[PDB]
Amino acid sequence: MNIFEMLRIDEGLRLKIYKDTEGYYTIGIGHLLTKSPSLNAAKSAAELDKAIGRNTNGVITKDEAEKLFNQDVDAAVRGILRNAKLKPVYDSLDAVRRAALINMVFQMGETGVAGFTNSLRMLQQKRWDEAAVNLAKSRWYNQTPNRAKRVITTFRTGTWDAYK
C-alpha cells in the first residue's frame with residue numbers, strides 16, 4: 001500500500017465519463033472534469049480533449065487514465081504544501097498517515113480540507129482518537145461514509161488494515 005494504491009481503491013477506475021457523488025463529471029480514477037453548471041457530459045469532453053490532447057468522445061484509455069492520475073496525485077501534494085495550515089500536519093505526519101491526508105485533499109481539495117479546523121490541530125497534536133471522532137462529524141462522512149471510514153480508520157491506527 002501507498003497513496004496510489006489507496007486512491008486506486010477509493011476512486012476505482014472507469015474509462016468513460018461518469019458523475020461523481022456530487023453529480024460532477026469525472027473520468028478515470030477520480031479525474032475531475034469540471035464543476036460548472038454550464039456543461040453537460042458532452043461539452044465536458046472538450047475540457048478533456050484538451051487535457052488528453054486528442055478527441056476522446058469522452059472515452060479514455062487505461063494509460064491516459066493513469067496519466068492524469070499521476071497529475072492528480074501530485075497536485076494534491078502540491079495543495080498540502082502550499083497551504084499555511086496544511087503543510088504543518090503533513091510535516092507532522094508519518095508516511096502512512098500522510099497517505100490519509102492526501103487522500104482527502106484529492107477528494108475535496110486544498111481548501112475544503114483545510115476547513116477541518118479542530119481535527120487538523122488534534123491530529124497534529126497527535127491526538128488520534130479524538131481526531132478520528134470529530135471527522136466523523138461531517139458532511140463528508142455523510143456523503144461517502146464508506147470512503148470516509150477507511151481513511152478515518154487510517155488516521156486512527158496508522159496502517160492500511162482498513163485497506164485489507
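Cβ sites come from the backbone with ideal geometry, for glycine too, and all protein chains shown count toward neighbours. What follows draws every value from the coordinates through simple rules; no lab data is involved.
Output the residues belonging to the range 50-62 that are free of Cβ contacts under 8 Å to residues at least 24 places away in the same chain and surrounded by 14 or more Cβ atoms within 10 Å (Cβ to Cβ). Give the derivation first.
So in the range 50-62, the residues free of Cβ contacts under 8 Å to residues at least 24 places away in the same chain come out as 50-57.
Those that are free of Cβ contacts under 8 Å to residues at least 24 places away in the same chain and surrounded by 14 or more Cβ atoms within 10 Å (Cβ to Cβ): 51, 52, 56.
What helices (runs of 4 or more DSSP H), lying completely within the range 121-164, carry at least 2 residues that are surrounded by fewer than 18 Cβ atoms within 10 Å (Cβ to Cβ) and among the β-branched types (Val, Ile, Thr)? Explain how you work it out, then say what you get.
Details: elements: 128-134, 139-143, 145-157.
Here the list reads 145-157.
For residues that are assigned to a loop (DSSP other than H, G, I, E, B) and touching a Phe, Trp or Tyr at 6+ places or on another chain (Cβ under 8 Å), tally how many sit in the range 12-47. It would help to see each step written out before you state the result.
Quick first cut of the range 12-47, residues assigned to a loop (DSSP other than H, G, I, E, B) only: 12-15, 17, 20-24, 28-30, 35-40.
The next check asks that each one be touching a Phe, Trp or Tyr at 6+ places or on another chain (Cβ under 8 Å); those that pass are 17, 28-30, 35, 39.
Counting residues in the range 12-47 that are assigned to a loop (DSSP other than H, G, I, E, B) and touching a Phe, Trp or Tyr at 6+ places or on another chain (Cβ under 8 Å) gives 6.
Somewhere in the range 14-31, is a residue touching a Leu at 6+ places or on another chain (Cβ under 7 Å), surrounded by 14 or more Cβ atoms within 10 Å (Cβ to Cβ) and farther than 30 Å from residue 149 by Cα?
no
Could you list, in sequence order, all residues of the range 63-94 that are in contact with a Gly (Cβ under 9 Å, 6 or more places away or on another chain), over 28 Å from residue 16 (Cβ atoms) and surrounded by 18 or more Cβ atoms within 10 Å (Cβ to Cβ)?
Within the range 63-94, 86 is the sole residue that qualifies.
(1) without any contact (Cβ under 8 Å) to a residue 24 or more places away in the chain; (2) of a type in the set (A, V, I, L, M); (3) in contact with a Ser or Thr (Cβ under 9 Å, 6 or more places away or on another chain): which one isn't true of residue 123, the others all being true?
(1)
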